[PDB]
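The file entry_19.txt contains compact mmCIF, C-alpha atoms:
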# COMPACT_ATOMS: atom_id res chain seq x y z
CA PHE A 803 0.00 0.00 0.00
CA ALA A 804 2.97 2.37 -0.25
CA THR A 805 5.48 3.55 -2.85
CA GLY A 806 8.22 6.15 -2.97
CA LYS A 807 9.96 8.59 -5.27
CA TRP A 808 12.88 10.96 -5.07
CA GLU A 809 12.42 14.69 -4.58
CA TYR A 810 14.78 17.61 -4.06
CA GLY A 811 14.66 19.30 -0.66
CA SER A 812 16.85 21.40 1.59
CA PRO A 813 18.66 20.06 4.67
CA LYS A 814 18.92 23.28 6.70
CA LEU A 815 16.09 25.80 6.83
CA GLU A 816 16.39 29.14 8.57
CA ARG A 817 14.25 32.13 9.46
CA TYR A 818 15.06 35.72 10.39
CA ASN A 819 12.60 37.94 12.32
CA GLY A 820 9.81 35.40 11.91
CA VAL A 821 9.89 35.12 8.10
CA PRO A 822 11.85 32.68 5.91
CA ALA A 823 15.32 33.87 4.99
CA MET A 824 18.69 32.79 3.64
CA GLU A 825 22.14 33.84 4.82
CA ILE A 826 24.87 35.32 2.62
CA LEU A 827 28.25 36.20 4.09
CA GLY A 828 31.47 37.45 2.59
CA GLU A 829 34.43 39.79 2.79
CA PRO A 830 35.41 43.03 1.06
CA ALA A 831 38.02 43.06 -1.67
CA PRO A 832 41.62 43.13 -0.36
CA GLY A 833 42.65 46.72 0.23
CA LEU A 834 39.08 48.02 0.46
CA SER A 835 36.88 49.19 3.31
CA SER A 836 33.67 47.83 4.78
CA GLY A 837 31.50 50.85 3.95
CA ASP A 838 32.14 50.79 0.21
CA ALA A 839 31.72 46.99 0.27
CA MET A 840 28.30 47.29 1.92
CA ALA A 841 27.43 50.11 -0.51
CA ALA A 842 28.37 47.78 -3.38
CA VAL A 843 26.12 45.10 -1.88
CA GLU A 844 23.29 47.64 -1.46
CA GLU A 845 22.52 47.98 -5.16
CA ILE A 846 22.50 44.24 -5.98
CA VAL A 847 19.14 43.92 -4.21
CA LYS A 848 17.77 46.03 -7.04
CA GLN A 849 18.22 42.90 -9.20
CA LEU A 850 15.95 40.39 -7.47
CA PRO A 851 12.23 39.52 -7.86
CA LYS A 852 9.26 41.16 -6.20
CA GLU B 152 -11.84 38.88 7.11
CA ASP B 153 -8.98 38.87 4.61
CA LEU B 154 -7.91 42.25 5.98
CA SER B 155 -7.72 40.88 9.52
CA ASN B 156 -5.86 37.85 8.16
CA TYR B 157 -3.36 40.16 6.47
CA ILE B 158 -2.95 42.24 9.64
CA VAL B 159 -2.24 39.24 11.85
CA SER B 160 -0.10 37.43 9.28
CA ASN B 161 2.19 40.04 7.74
CA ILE B 162 1.92 43.05 10.04
CA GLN B 163 1.31 41.90 13.62
CA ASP B 164 4.58 40.22 14.62
CA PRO B 165 7.15 42.91 13.50
CA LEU B 166 5.40 45.68 15.41
CA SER B 167 4.77 43.20 18.22
CA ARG B 168 8.54 42.80 18.51
CA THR B 169 9.23 46.54 18.42
CA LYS B 170 10.19 48.66 21.41
CA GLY B 171 7.64 49.70 24.02
CA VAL B 172 4.77 47.59 22.62
CA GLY B 173 3.43 45.80 25.68
CA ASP B 174 0.19 44.39 24.29
CA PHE B 175 -1.67 44.22 21.00
CA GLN B 176 -5.41 43.69 20.55
CA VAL B 177 -6.68 42.94 17.06
CA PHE B 178 -10.16 43.24 15.57
CA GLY B 179 -10.86 40.12 13.55
CA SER B 180 -8.85 36.91 13.62
CA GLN B 181 -6.70 35.00 11.14
CA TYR B 182 -7.71 32.39 8.63
CA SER B 183 -8.69 28.94 9.82
CA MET B 184 -9.88 25.86 7.97
CA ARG B 185 -13.47 25.96 9.15
CA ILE B 186 -15.29 22.66 8.76
CA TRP B 187 -19.07 22.99 9.03
CA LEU B 188 -20.72 19.66 9.78
CA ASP B 189 -24.26 18.85 8.70
CA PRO B 190 -26.23 16.69 11.16
CA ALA B 191 -28.44 15.00 8.56
CA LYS B 192 -25.54 13.56 6.58
CA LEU B 193 -23.94 12.48 9.86
CA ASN B 194 -27.18 10.66 10.65
CA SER B 195 -27.26 9.09 7.18
CA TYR B 196 -23.68 7.80 7.18
CA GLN B 197 -23.94 6.58 10.83
CA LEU B 198 -21.33 9.06 12.05
CA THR B 199 -20.61 11.38 14.97
CA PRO B 200 -18.50 14.53 15.15
CA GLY B 201 -16.13 12.64 17.44
As a first step, turn the structure in this file into structure tokens.
Amino acid sequence: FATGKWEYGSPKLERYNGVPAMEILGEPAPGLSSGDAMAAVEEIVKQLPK
Amino acid sequence: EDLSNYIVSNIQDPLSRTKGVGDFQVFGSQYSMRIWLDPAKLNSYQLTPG
């Protein structure tokens, strides 16, 4: 009375402030600051869905 | 009803975690899968609500 099939899931789920979220971490370029690095990150969220 | 569902789903918890907010009282509740039983069909199929 039972069968099975393969699917594609995620092993580690995470939430931030009560909503689903995903975590991206990195470093600035060598010889650069943190403020210009965060400013360079700040425009990339223009290119993501609604 | 959908307005109250939106308030308590997307709006309630961020302002409920803000500073100084001690209590929140909403007008209208969330969604819920309401199951209305009919007694005649329960009598016909020899069933209870239990």
Item to complete: Fewer than 2 positions away in the same chain doesn't count, so skip those; otherwise give me all residues within 10 Å of residue 158 of chain B, counting only C-alpha atoms, as a ChimeraX atom specification.
Response: /B:152-156,160-164,177-181
Contact check, chain A to chain B, at most 10 Å, counting all atoms listed in the file, closest pairs as a Markdown table:
| residue | atom | partner | partner_atom | distance |
| --- | --- | --- | --- | --- |
| A:819 | CA | B:165 | CA | 7.5 |
| A:820 | CA | B:164 | CA | 7.6 |
| A:821 | CA | B:161 | CA | 9.1 |
Fill in: Shell of 12 Å around residue 825 of chain A, only C-alpha atoms, local chain residues under 2 positions omitted, as a PyMOL selection string
chain A and resi 814-818+822-823+827-828
Worksheet item: Which neighbours of residue 842 of chain A fall inside 12 Å, counting only C-alpha atoms, when residues of the same chain fewer than 5 positions from it are skipped, and could you give them as a ChimeraX atom specification?
Response: /A:829-831,834-837,847-848
Worksheet item: Which distance in Å separates atom CA of residue 185 of chain B and atom CA of residue 200 of chain B, to one decimal?
Response: 13.9 Å
Item to complete: Tell me, in Å to one decimal, how far atom CA of residue 201 of chain B is from atom CA of residue 182 of chain B.
Response: 23.2 Å
Practice prompt. Quick one: pull the distance between atom CA of residue 833 of chain A and atom CA of residue 850 of chain A, Å, one decimal.
Written response: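 Calculated distance between atom CA of residue 833 of chain A and atom CA of residue 850 of chain A is 28.5 Å.
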What would segment 157-184 of chain B look like with N, CA and C atoms restored, written as an mmCIF file, in the frame of the given file?
data_model
loop_
_atom_site.group_PDB
_atom_site.id
_atom_site.type_symbol
_atom_site.label_atom_id
_atom_site.label_comp_id
_atom_site.auth_asym_id
_atom_site.auth_seq_id
_atom_site.Cartn_x
_atom_site.Cartn_y
_atom_site.Cartn_z
ATOM 1 N N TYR B 157 -4.586 39.494 6.895
ATOM 2 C CA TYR B 157 -3.360 40.160 6.470
ATOM 3 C C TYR B 157 -2.683 40.873 7.635
ATOM 4 N N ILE B 158 -3.481 41.506 8.497
ATOM 5 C CA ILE B 158 -2.950 42.240 9.640
ATOM 6 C C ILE B 158 -2.230 41.283 10.589
ATOM 7 N N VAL B 159 -2.857 40.147 10.893
ATOM 8 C CA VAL B 159 -2.240 39.240 11.850
ATOM 9 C C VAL B 159 -1.206 38.329 11.206
ATOM 10 N N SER B 160 -1.121 38.278 9.877
ATOM 11 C CA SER B 160 -0.100 37.430 9.280
ATOM 12 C C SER B 160 1.161 38.221 8.958
ATOM 13 N N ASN B 161 1.021 39.339 8.248
ATOM 14 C CA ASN B 161 2.190 40.040 7.740
ATOM 15 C C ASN B 161 2.578 41.264 8.556
ATOM 16 N N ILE B 162 1.713 41.740 9.445
ATOM 17 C CA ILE B 162 1.920 43.050 10.040
ATOM 18 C C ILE B 162 2.103 42.937 11.552
ATOM 19 N N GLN B 163 1.459 41.939 12.161
ATOM 20 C CA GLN B 163 1.310 41.900 13.620
ATOM 21 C C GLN B 163 2.637 41.642 14.325
ATOM 22 N N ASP B 164 3.358 40.605 13.910
ATOM 23 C CA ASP B 164 4.580 40.220 14.620
ATOM 24 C C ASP B 164 5.764 41.204 14.538
ATOM 25 N N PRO B 165 6.061 41.914 13.427
ATOM 26 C CA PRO B 165 7.150 42.910 13.500
ATOM 27 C C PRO B 165 6.887 44.058 14.453
ATOM 28 N N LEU B 166 5.686 44.637 14.441
ATOM 29 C CA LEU B 166 5.400 45.680 15.410
ATOM 30 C C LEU B 166 5.182 45.106 16.801
ATOM 31 N N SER B 167 4.853 43.820 16.906
ATOM 32 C CA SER B 167 4.770 43.200 18.220
ATOM 33 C C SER B 167 6.143 42.960 18.812
ATOM 34 N N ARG B 168 7.184 42.887 17.985
ATOM 35 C CA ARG B 168 8.540 42.800 18.510
ATOM 36 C C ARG B 168 9.254 44.137 18.597
ATOM 37 N N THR B 169 8.576 45.250 18.322
ATOM 38 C CA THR B 169 9.230 46.540 18.420
ATOM 39 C C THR B 169 9.330 46.996 19.873
ATOM 40 N N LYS B 170 9.975 48.143 20.068
ATOM 41 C CA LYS B 170 10.190 48.660 21.410
ATOM 42 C C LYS B 170 8.907 49.237 21.981
ATOM 43 N N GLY B 171 8.723 49.065 23.290
ATOM 44 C CA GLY B 171 7.640 49.700 24.020
ATOM 45 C C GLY B 171 6.263 49.107 23.820
ATOM 46 N N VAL B 172 6.082 48.183 22.879
ATOM 47 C CA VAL B 172 4.770 47.590 22.620
ATOM 48 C C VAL B 172 4.553 46.503 23.663
ATOM 49 N N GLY B 173 3.684 46.776 24.636
ATOM 50 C CA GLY B 173 3.430 45.800 25.680
ATOM 51 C C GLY B 173 2.325 44.823 25.371
ATOM 52 N N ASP B 174 1.326 45.240 24.601
ATOM 53 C CA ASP B 174 0.190 44.390 24.290
ATOM 54 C C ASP B 174 -0.435 44.874 22.992
ATOM 55 N N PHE B 175 -0.994 43.929 22.250
ATOM 56 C CA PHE B 175 -1.670 44.220 21.000
ATOM 57 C C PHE B 175 -3.023 43.540 21.042
ATOM 58 N N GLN B 176 -4.047 44.233 20.552
ATOM 59 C CA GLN B 176 -5.410 43.690 20.550
ATOM 60 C C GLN B 176 -5.984 43.917 19.158
ATOM 61 N N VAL B 177 -6.284 42.836 18.461
ATOM 62 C CA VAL B 177 -6.680 42.940 17.060
ATOM 63 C C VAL B 177 -8.186 42.788 16.935
ATOM 64 N N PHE B 178 -8.751 43.393 15.893
ATOM 65 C CA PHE B 178 -10.160 43.240 15.570
ATOM 66 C C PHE B 178 -10.292 42.319 14.365
ATOM 67 N N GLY B 179 -10.820 41.123 14.594
ATOM 68 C CA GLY B 179 -10.860 40.120 13.550
ATOM 69 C C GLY B 179 -9.672 39.194 13.650
ATOM 70 N N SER B 180 -9.883 37.909 13.411
ATOM 71 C CA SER B 180 -8.850 36.910 13.620
ATOM 72 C C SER B 180 -8.212 36.522 12.289
ATOM 73 N N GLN B 181 -7.385 35.483 12.328
ATOM 74 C CA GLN B 181 -6.700 35.000 11.140
ATOM 75 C C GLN B 181 -7.614 34.112 10.314
ATOM 76 N N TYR B 182 -7.027 33.456 9.326
ATOM 77 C CA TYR B 182 -7.710 32.390 8.630
ATOM 78 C C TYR B 182 -7.659 31.111 9.457
ATOM 79 N N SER B 183 -8.627 30.247 9.204
ATOM 80 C CA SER B 183 -8.690 28.940 9.820
ATOM 81 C C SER B 183 -9.541 28.062 8.923
ATOM 82 N N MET B 184 -9.175 26.789 8.851
ATOM 83 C CA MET B 184 -9.880 25.860 7.970
ATOM 84 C C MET B 184 -11.169 25.433 8.663
#
